[PDB]
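What follows is one chain in structure tokens, specifically the form deposited in one PDB entry.
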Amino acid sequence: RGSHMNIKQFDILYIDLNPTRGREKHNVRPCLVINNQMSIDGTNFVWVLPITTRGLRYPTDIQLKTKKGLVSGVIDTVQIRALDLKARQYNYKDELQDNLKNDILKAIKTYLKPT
């Protein structure tokens, strides 16, 4: 069909998270981009949720499903992080299936609404 051309919201990309501290996710790993196109284009930061190889373990975990089936695992919706794409090497690989997009965004907003 065509070249992807630029990172878009809900792309899955490999990126080095290192270095980090404590329970913060580490290493080169797939991550799910969740900020919108204007923000990515306007800042060259991506907001990511890191993907892990463990199964579901916590209520905040969401099973990953993708359009190409090239990345599998669980999305850790707690560990949101903005990364500078100008400074960290990355590789686009896959995209989140459409029917999961709103669940991701609704999970994130539940963590912001004052308790």
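Counting begins at 1, following the sequence as shown. Take the two forms, find the largest set of C-alpha atoms that superpose within 1.5 Å, and that set is the rigid core. Residues that one form lacks are left out of the comparison.
Heads up, the form deposited in another entry isn't pictured, but that's what we're talking about next.
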Return yes or no for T53: a CA shift of at least 2 Å between this form and the one not shown, with the rigid core superposed? no
C-alpha of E24 off by 2 Å or more between this form and the one not shown on rigid core: yes
Since the Cα separation of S39 and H26 moves by 3 Å or more in the other form, tell me which way: closer or farther than here. farther
Outcome for the Cα pair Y90, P19 in the other form, compared with this form (closer or farther; change of 3 Å or more): closer
Superpose the two forms on the rigid core, then report in sequence order the stretches of at least three consecutive residues whose Cα positions each move 2 Å or more between this form and the one not shown. 16 to 27
